[PDB]
Amino acid sequence: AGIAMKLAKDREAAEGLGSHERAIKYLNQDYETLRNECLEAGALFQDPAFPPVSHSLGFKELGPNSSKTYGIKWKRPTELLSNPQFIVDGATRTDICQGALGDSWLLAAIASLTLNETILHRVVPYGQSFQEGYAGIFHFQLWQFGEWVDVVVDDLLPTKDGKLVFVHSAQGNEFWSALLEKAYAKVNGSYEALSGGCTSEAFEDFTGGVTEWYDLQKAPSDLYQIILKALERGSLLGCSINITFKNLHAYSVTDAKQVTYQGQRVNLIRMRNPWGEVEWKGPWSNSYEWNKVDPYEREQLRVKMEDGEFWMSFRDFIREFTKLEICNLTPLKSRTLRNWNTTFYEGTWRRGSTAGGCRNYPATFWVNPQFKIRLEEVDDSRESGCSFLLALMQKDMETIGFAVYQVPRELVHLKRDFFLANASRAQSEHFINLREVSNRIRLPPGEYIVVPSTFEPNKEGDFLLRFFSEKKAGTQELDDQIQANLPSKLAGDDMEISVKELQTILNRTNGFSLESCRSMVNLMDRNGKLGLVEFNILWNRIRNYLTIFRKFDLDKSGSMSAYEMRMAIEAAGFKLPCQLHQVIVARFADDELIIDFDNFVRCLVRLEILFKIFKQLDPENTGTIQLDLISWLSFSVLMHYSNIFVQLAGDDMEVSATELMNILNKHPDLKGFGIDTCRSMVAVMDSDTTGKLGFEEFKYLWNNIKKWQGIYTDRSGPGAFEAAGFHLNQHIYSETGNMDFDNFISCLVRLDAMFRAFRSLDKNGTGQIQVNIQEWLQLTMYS
């Protein structure tokens with residue numbers, strides 16, 4: 001909880017988890033184990049997570065009451081098929097068929113899956129039956145925002161009259177698809193969840209590929225050579241007509257062919273209806289044809305297929321409105337045609353740091369992250385190649401789009417200067433209000449920079465940008481290296497000595513505060529007391545800093561836009577990656593995305609103390625550093641959807657330090673609580689880097705305060721610690737014996753936090769964790 005249950009997915013992830021080879025366990029349920037726990041108990045499985053109740057079916061228009069949805073009676077296939085087939089292929093046609101109270105679109109992804117065998121069990125694994133090893137549980141595998149997930153589900157099915165009122169087989173009763181959708185309907189939420197899907201989306205979710213598209217009649221004068229070049233890579237191309245020729249869902253192009261016919265060109269293209277009927281009144285129209293002058297040679301080359309021949313010519317434009325292609329990731333891995341080189345990058349946009357907006361907001365456009373593309377060899381005339389597809393998905397979503405500029409010669413992190421100064425070469429055609437926006441793009445050989453984002457700023461988001469090219473292309477993140485430069489009336493209570501309370505001396509306006517205080521007190525040296533001789537080395541530290549905040553504070557405001565911290569930080573000496581800039585502002589910045597001299601220096605001071613550690617705990621400079629539990633413990637001390645009940649003004653989550661100091665801090669029994677505190681609790685239990693806390697993560701924190709609350713005073717203002725969870729061995733530390741609720745409760749929150757951090761990281765109970773500057777910066781900063 002925090003960045004640490006977010007540092008682990010990274011380490012895992014970059015180690016397979018998330019791959020088709022290694023899916024993720026949706027809801028932490030497992031098919032084999034479920035299956036056996038059924039097997040060894042006499043029970044058919046019942047899906048706890050996606051219960052066959054009534055909400056699963058939706059929420060309005062199709063969940064509760066809605067006659068639409070009435071009288072549904074959930075049943076299993078084995079409960080209506082003397083001997084069910086889950087799947088039994090080698091099939092040619094497909095008898096598939098929409099929902100009878102289902103929406104057709106999806107039909108078409110599902111059907112276009114059974115033409116390729118290898119693709120289909122990639123989403124539908126072998127091993128399953130309604131006989132051999134039954135039990136009442138099937139699993140599937142789906143692409144979701146770039147990670148592959150193993151989804152299970154139970155064979156129950158939404159029904160009426162004993163007939164399935166969703167997707168299904170028409171004569172031939174098989175049921176694989178009939179459960180694919182269940183599972184699909186499941187990882188979204190409900191079956192309305194999928195009302196107004198989108199075919200393309202489907203497809204990418206049953207393959208982990210990208211879907212490019214064109215307006216056929218509107219087509220690029222290069223459509224035929226894209227059609228080709230995709231086909232020679234096993235891409236999934238299908239074609240659609242949106243409301244003699246075709247008076248009549250799918251049809252896909254499976255092939256493509258240049259024949260000589262009367263001493264000219266002619267380009268044919270070979271289509272196919274997965275549901276088998278040709279119906280196309282002819283073999284090459286009535287017109288231009290098959291058997292007619294057209295030498296078998298340059299005509300055997302045609303005939304090679306079935307259930308959906310058609311061999312239509314490229315005025316396959318006048319018949320057919322669009323054409324979506326799903327180009328595959330290298331793994332049909334088999335020296336089947338050509339490859340498709342690939343690379344993906346997971347990214348985010350946060351308020352007041354990386355969420356810049358587009359170019360047309362030059363004040364920010366430059367804080368969006370960056371990603372460099374390097375195009376070397378050119379395509380196999382538009383002059384010289386070096387082409388690629390660029391696709392940018394967002395994990396009532398936001399308008400997104402992108403644009404791509406060309407590197408000056410730098411073979412880091414382009415500042416604002418760069419973009420008010422150079423021109424955009426390539427960009428997405430429009431910005432849009434929908435999942436993933438992509439375009440094909442052709443550019444000379446060069447090093448280009450690529451900048452994704454939303455249209456307006458301050459819209460927070462996660463995205464996956466992707467690159468697929470016909471020829472090898474280097475790709476990487478474009479960001480900065482963790483950089484840090486330098487690798488009197490003391491009113492003493494006796495001699496040398498000045499404890500903290502320095503918040504006296506270092507004071508219109510507010511100043512310092514015991515936490516800045518204490519951190520500056522800490523840089524000092526490792527009692528708690530400073531003195532008058534090295535409160536010199538310090539003084540200037542401040543005034544220097546002070547000479548900074550002013551540079552961005554013209555308007556003597558106090559304040560300072562988060563957006564610009566990045567450059568301040570760097571004035572001061574530190575150069576950190578966008579991720580680190582994103583932690584800075586989620587912890588110190590305010591709700592207007594401002595930062596004042598206090599929250600200013602602190603973070604500047606902090607960072608100063610953390611390098612200094614990482615610089616000590618590592619002599620032989622090897623990049624990493626060493627923490628067993630016992631150090632860690634210190635060093636880590638210096639107008640829709642009810643879902644799931646809060647009180648939250650119709651805004652789903654959104655608890656901020658602000659909201660978190662408006663509730664807690666609210667009677668006799670001695671309950672103050674403060675922004676600072678509040679702030680820091682929020683970090684630690686946030687693992688999103690948004691500055692806020694979710695329903696679950698507020699739930700987990702709340703049940704402790706509420707349990708910690710009686711925790712043990714003799715109706716006044718004790719290791720109530722072990723008493724609570726934490727049994728401690730050695731120490732304790734910071735009037736007489738105090739600790740008050742404000743401290744006690746907030747103490748119990750960081751000890752709990754950092755203890756969980758520990759485990760997460762040190763998953764094999766090895767007993768010591770270990771991390772580079774980066775994962776170490778993340779953790780101590782953010783808190």
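The count begins at 1 with the first shown residue.
Cβ coordinates come from backbone N, Cα and C, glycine included.
Per Swiss-Prot, the features are:
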- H249: active site (ACT_SITE)
- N273: active site (ACT_SITE)
- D553, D555, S557, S559, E564: Ca(2+) 2 binding site (BINDING)
- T330: phosphothreonine (MOD_RES)
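Apart from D553, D555, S557, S559, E564, the residues listed for Ca(2+) 2, the same chain places the Cβ atoms of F552, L554, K556, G558, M560, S561, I594 within 8 Å of the centroid of those Cβ atoms. Cβ environment of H249 (active site): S104, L107, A108, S240, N273, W275 lie under 8 Å away, each six or more residues apart in the same chain. Comparing Cβ neighbour counts within 10 Å across the recorded positions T330, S559, the minimum falls on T330. Reported as a whole number, the C-alpha separation between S557 (Ca(2+) 2 binding site) and the residue listed as 'phosphothreonine' equals 55 Å. Put simply, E564 is the one of the binding-site residues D553, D555, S559, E564 whose Cα lies nearest to the Cα of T330 (phosphothreonine). Listed recorded positions: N273, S557; maximum Cβ neighbour count within 10 Å falls on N273. For the segment bounded by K666 and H667, where 4 residues are absent from the model, the Cα separation is 7 Å.
Other Cβ atoms within 10 Å of the Cβ of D555 (Ca(2+) 2 binding site) number 7 in total over all chains. In the three-state DSSP assignment, the secondary structure recorded for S557 (Ca(2+) 2 binding site) is coil. Summarising the environment of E564 (Ca(2+) 2 binding site), the number of other Cβ atoms within 10 Å of its Cβ, over all protein chains shown, is 18.
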